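Accompanying notes for the structure given below.
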Amino acid sequence: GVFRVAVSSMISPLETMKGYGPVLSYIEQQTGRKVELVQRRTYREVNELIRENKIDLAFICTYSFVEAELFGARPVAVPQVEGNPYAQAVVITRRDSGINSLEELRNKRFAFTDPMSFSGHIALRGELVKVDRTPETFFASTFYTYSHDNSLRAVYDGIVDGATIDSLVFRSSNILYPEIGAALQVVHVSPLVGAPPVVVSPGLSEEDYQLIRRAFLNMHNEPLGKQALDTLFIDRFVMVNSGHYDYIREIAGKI
């Protein structure tokens with residue numbers, strides 16, 4: 001039977017099959033099953049494919065993982081990038097805005113990515129619980145761009161006063177677009193959390209689960225595996241530590 005791998009189409013528009021092609025070939029090599037890439041615009045739609053066992057494996061985000069384990073999604077492995085399997089949200093404003101803290105964004109225009117993103121949404125919804133607020137009752141207006149890059153573009157262009165995005169997206173964008181880099185600043189950082197895990201649908205056999213986990217954990221020792229990792233700009237995949245996601249589980253409960 002076909003092995004279906006799901007991803008968000010909004011992380012690398014037009015370059016998704018370019019990025020994942022070699023890791024899909026790696027999965028073909030290790031499983032002997034033909035692999036189909038399944039794309040959806042939103043992490044909610046990807047989670048619905050997992051819940052209804054319409055796919056085998058998904059590259060999901062850290063917050064969608066907390067919702068996904070509740071309907072039996074099983075973590076396989078975590079990407080190790082820049083020598084660590086962790087992630088962090090940054091809140092960004094224009095240097096020339098005079099908005100130098102999360103606090104000063106009260107009654108201002110703000111950009112989120114996907115509603116199911118930690119670094120693009122929930123990290124900030126979580127922190128606002130401290131002051132008995134939501135984005136809706138804290139900011140003058142909010143927008144969901146479904147894109148870390150588009151959220152950064154909106155801050156740069158003065159469409160919004162601030163955004164929450166992934167720290168690695170910000171650092172990478174600062175190198176690739178230095179005029180945009182020069183104009184922005186980080187005014188707040190989230191806690192460290194675990195990076196987005198790779199999951200399998202609740203309907204897989206124990207043996208298929210073990211085979212896939214071994215393939216991911218050993219990917220950096222395999223010739224086609226190394227091509228897959230280089231294409232995704234990942235060092236290797238490492239074991240999931242559930243405790244790395246406990247801050248997100250706690251935020252999620254406070255809603």
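Labels used: A, B, ... for chains in the order of the structure tokens, numbers from 1 for residues in each chain, and numbers from 1 for ligands as shown.
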
At a cut-off of 6 Å, using only C-alpha atoms, what residues contact stretch 170-185 of chain A? Leave out same-chain residues fewer than 6 positions from it and give the result as number ranges by chain.
A: 92-95

Saved selection, atoms kept: N, CA and C atoms, as a PDB file, in the first residue's frame:
ATOM      1  N   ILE A  92       8.819  40.535  17.210  1.00  0.00           N
ATOM      2  CA  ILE A  92       9.631  41.482  16.405  1.00  0.00           C
ATOM      3  C   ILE A  92       8.818  42.758  16.149  1.00  0.00           C
ATOM      4  N   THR A  93       9.493  43.900  16.145  1.00  0.00           N
ATOM      5  CA  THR A  93       8.962  45.223  15.761  1.00  0.00           C
ATOM      6  C   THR A  93      10.024  45.933  14.916  1.00  0.00           C
ATOM      7  N   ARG A  94       9.665  47.050  14.304  1.00  0.00           N
ATOM      8  CA  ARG A  94      10.624  47.911  13.574  1.00  0.00           C
ATOM      9  C   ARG A  94      11.423  48.685  14.619  1.00  0.00           C
ATOM     10  N   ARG A  95      12.736  48.780  14.420  1.00  0.00           N
ATOM     11  CA  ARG A  95      13.651  49.606  15.247  1.00  0.00           C
ATOM     12  C   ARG A  95      13.097  51.026  15.346  1.00  0.00           C
TER      13      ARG A  95
END

DSSP says strand (DSSP E) for which residues of stretch 125-238 of chain A? Put them as number ranges by chain?
A: 141-144, 162-166, 184-189, 193-194, 198-200, 236-238

Residues of stretch 87-184 of chain A that approach stretch 66-80 of chain A to 12 Å or less, counting only C-alpha atoms: could you list each one with the shortest pair of atoms and its distance in Å to one decimal, rows by chain and increasing residue number, as a Markdown table?
| residue | atom | partner | partner_atom | distance |
| --- | --- | --- | --- | --- |
| A:87 | CA | A:80 | CA | 10.1 |
| A:116 | CA | A:67 | CA | 9.0 |
| A:117 | CA | A:66 | CA | 10.8 |
| A:118 | CA | A:66 | CA | 10.2 |
| A:122 | CA | A:66 | CA | 11.6 |

What's around residue A:232 at 10 Å? Count only C-alpha atoms, leave out sequence neighbours fewer than 3 positions away in its own chain, and write the answer as a PyMOL selection string.
chain A and resi 18-23+79+81+226-229+235-236

Those same residues, written as a PDB file, in the first residue's frame with C-alpha atoms?
ATOM      1  CA  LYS A  18      12.103  20.228  -3.729  1.00  0.00           C
ATOM      2  CA  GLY A  19      12.793  20.162   0.073  1.00  0.00           C
ATOM      3  CA  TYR A  20      11.083  16.809   0.951  1.00  0.00           C
ATOM      4  CA  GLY A  21      11.856  14.855  -2.313  1.00  0.00           C
ATOM      5  CA  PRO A  22      15.016  13.098  -0.968  1.00  0.00           C
ATOM      6  CA  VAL A  23      13.508  12.251   2.484  1.00  0.00           C
ATOM      7  CA  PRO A  79      14.843  17.360  14.010  1.00  0.00           C
ATOM      8  CA  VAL A  81      19.058  21.929  13.838  1.00  0.00           C
ATOM      9  CA  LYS A 226      22.457  12.348   4.476  1.00  0.00           C
ATOM     10  CA  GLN A 227      21.173  13.818   1.147  1.00  0.00           C
ATOM     11  CA  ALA A 228      17.653  14.023   2.774  1.00  0.00           C
ATOM     12  CA  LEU A 229      19.036  15.861   5.898  1.00  0.00           C
ATOM     13  CA  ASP A 235      21.794  17.794  11.293  1.00  0.00           C
ATOM     14  CA  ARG A 236      19.913  14.580  12.237  1.00  0.00           C
TER      15      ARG A 236
END

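Put simply, atom CA of residue A:204 is 26.7 Å away from atom CA of residue A:223.
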
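For the set A:27, A:239, A:124, A:199, the residue with the smallest atom-to-atom gap to residue A:7 is A:199, counting only C-alpha atoms.
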
Tell me, which residues of stretch 35-202 of chain A carry DSSP alpha helix (DSSP H), written as a ChimeraX atom specification?
/A:43-51,62-69,123-128,135-138,148-157,167-176,178-183

Write a file of the selected residues as a short mmCIF file (atom, residue, chain, number, x, y, z; two decimals), in the first residue's frame, keeping N, CA and C atoms.
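In the end it all went to selection32.cif:
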data_model
loop_
_atom_site.label_atom_id
_atom_site.label_comp_id
_atom_site.auth_asym_id
_atom_site.auth_seq_id
_atom_site.Cartn_x
_atom_site.Cartn_y
_atom_site.Cartn_z
N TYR A 43 -2.36 23.62 9.58
CA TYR A 43 -1.99 22.54 10.52
C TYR A 43 -3.27 21.90 11.08
N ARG A 44 -4.37 22.63 11.22
CA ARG A 44 -5.67 21.99 11.59
C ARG A 44 -6.04 20.91 10.55
N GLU A 45 -5.96 21.20 9.25
CA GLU A 45 -6.32 20.21 8.19
C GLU A 45 -5.36 19.02 8.26
N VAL A 46 -4.08 19.26 8.50
CA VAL A 46 -3.08 18.15 8.57
C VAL A 46 -3.48 17.25 9.74
N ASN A 47 -3.84 17.83 10.89
CA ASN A 47 -4.22 17.05 12.10
C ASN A 47 -5.46 16.20 11.82
N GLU A 48 -6.41 16.74 11.05
CA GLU A 48 -7.65 16.00 10.69
C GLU A 48 -7.28 14.78 9.83
N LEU A 49 -6.29 14.88 8.95
CA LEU A 49 -5.82 13.71 8.15
C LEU A 49 -5.23 12.64 9.07
N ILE A 50 -4.49 13.06 10.11
CA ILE A 50 -3.86 12.15 11.10
C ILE A 50 -4.99 11.47 11.88
N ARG A 51 -5.95 12.25 12.37
CA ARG A 51 -7.01 11.74 13.28
C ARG A 51 -7.83 10.67 12.56
N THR A 62 4.88 22.27 16.70
CA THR A 62 5.03 21.84 18.11
C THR A 62 3.67 21.89 18.79
N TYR A 63 2.85 22.91 18.53
CA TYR A 63 1.53 22.99 19.19
C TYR A 63 0.57 21.95 18.60
N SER A 64 0.53 21.77 17.28
CA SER A 64 -0.38 20.77 16.66
C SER A 64 -0.04 19.36 17.18
N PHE A 65 1.21 19.11 17.59
CA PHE A 65 1.65 17.83 18.20
C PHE A 65 0.93 17.59 19.53
N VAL A 66 0.80 18.64 20.34
CA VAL A 66 0.11 18.52 21.66
C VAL A 66 -1.36 18.13 21.43
N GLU A 67 -2.03 18.71 20.43
CA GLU A 67 -3.43 18.32 20.11
C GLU A 67 -3.43 16.91 19.48
N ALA A 68 -2.43 16.58 18.66
CA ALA A 68 -2.37 15.32 17.86
C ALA A 68 -2.18 14.09 18.76
N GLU A 69 -1.37 14.19 19.81
CA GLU A 69 -1.14 13.04 20.73
C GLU A 69 -2.45 12.69 21.44
N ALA A 123 2.24 30.72 21.79
CA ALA A 123 3.26 31.19 22.77
C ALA A 123 2.77 32.52 23.32
N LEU A 124 2.27 33.36 22.44
CA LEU A 124 1.83 34.71 22.84
C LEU A 124 0.43 34.66 23.47
N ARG A 125 -0.50 33.86 22.94
CA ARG A 125 -1.84 33.70 23.56
C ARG A 125 -1.64 33.23 25.01
N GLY A 126 -0.74 32.25 25.22
CA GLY A 126 -0.34 31.73 26.54
C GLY A 126 0.13 32.83 27.49
N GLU A 127 1.09 33.65 27.07
CA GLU A 127 1.71 34.65 27.97
C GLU A 127 0.67 35.69 28.39
N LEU A 128 -0.29 36.02 27.52
CA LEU A 128 -1.31 37.07 27.80
C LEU A 128 -2.27 36.61 28.90
N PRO A 135 -5.31 37.94 22.72
CA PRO A 135 -4.88 38.82 21.63
C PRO A 135 -5.99 39.80 21.25
N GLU A 136 -7.23 39.30 21.26
CA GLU A 136 -8.44 40.05 20.81
C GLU A 136 -8.69 41.22 21.77
N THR A 137 -8.42 41.03 23.06
CA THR A 137 -8.66 42.07 24.11
C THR A 137 -7.35 42.78 24.48
N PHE A 138 -6.22 42.45 23.86
CA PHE A 138 -4.91 43.10 24.15
C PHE A 138 -4.50 44.00 22.97
N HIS A 148 5.47 32.60 8.49
CA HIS A 148 6.51 33.29 9.30
C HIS A 148 7.14 34.44 8.48
N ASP A 149 7.47 34.17 7.22
CA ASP A 149 8.08 35.16 6.29
C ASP A 149 7.09 36.29 6.00
N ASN A 150 5.82 35.97 5.82
CA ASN A 150 4.83 37.00 5.45
C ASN A 150 4.56 37.86 6.67
N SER A 151 4.56 37.25 7.86
CA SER A 151 4.42 37.99 9.15
C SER A 151 5.59 38.96 9.30
N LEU A 152 6.81 38.51 9.02
CA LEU A 152 8.00 39.38 9.08
C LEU A 152 7.86 40.51 8.05
N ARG A 153 7.44 40.17 6.82
CA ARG A 153 7.20 41.18 5.76
C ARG A 153 6.20 42.24 6.27
N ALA A 154 5.12 41.82 6.94
CA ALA A 154 4.06 42.74 7.41
C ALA A 154 4.63 43.72 8.45
N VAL A 155 5.52 43.26 9.35
CA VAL A 155 6.15 44.16 10.35
C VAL A 155 7.03 45.15 9.59
N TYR A 156 7.80 44.66 8.63
CA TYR A 156 8.77 45.47 7.84
C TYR A 156 8.00 46.58 7.11
N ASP A 157 6.85 46.22 6.52
CA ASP A 157 6.04 47.13 5.67
C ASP A 157 5.17 48.06 6.51
N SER A 167 12.26 31.68 15.85
CA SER A 167 13.59 32.34 16.00
C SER A 167 14.49 32.03 14.80
N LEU A 168 14.47 30.78 14.31
CA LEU A 168 15.37 30.37 13.19
C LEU A 168 14.91 31.05 11.90
N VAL A 169 13.60 31.21 11.70
CA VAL A 169 13.08 31.95 10.51
C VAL A 169 13.62 33.38 10.58
N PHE A 170 13.56 34.03 11.74
CA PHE A 170 14.04 35.42 11.89
C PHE A 170 15.54 35.51 11.56
N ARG A 171 16.35 34.64 12.15
CA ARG A 171 17.83 34.66 11.99
C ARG A 171 18.19 34.40 10.52
N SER A 172 17.55 33.41 9.90
CA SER A 172 17.76 33.05 8.47
C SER A 172 17.38 34.23 7.58
N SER A 173 16.22 34.84 7.82
CA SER A 173 15.73 35.97 7.00
C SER A 173 16.69 37.17 7.10
N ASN A 174 17.27 37.41 8.28
CA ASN A 174 18.22 38.52 8.58
C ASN A 174 19.47 38.37 7.70
N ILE A 175 19.88 37.13 7.45
CA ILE A 175 21.06 36.83 6.58
C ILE A 175 20.66 37.02 5.11
N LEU A 176 19.53 36.45 4.69
CA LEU A 176 19.11 36.45 3.27
C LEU A 176 18.61 37.83 2.83
N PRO A 178 19.12 41.40 4.27
CA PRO A 178 19.78 42.21 5.29
C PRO A 178 19.17 43.62 5.41
N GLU A 179 18.54 44.16 4.37
CA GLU A 179 17.86 45.49 4.47
C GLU A 179 16.69 45.36 5.43
N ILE A 180 15.97 44.23 5.34
CA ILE A 180 14.81 43.93 6.22
C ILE A 180 15.35 43.64 7.63
N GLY A 181 16.39 42.81 7.74
CA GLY A 181 17.11 42.54 9.00
C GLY A 181 17.45 43.82 9.75
N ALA A 182 18.14 44.77 9.09
CA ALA A 182 18.60 46.04 9.69
C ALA A 182 17.44 46.83 10.33
N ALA A 183 16.21 46.68 9.82
CA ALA A 183 15.04 47.49 10.22
C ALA A 183 14.27 46.88 11.41
#
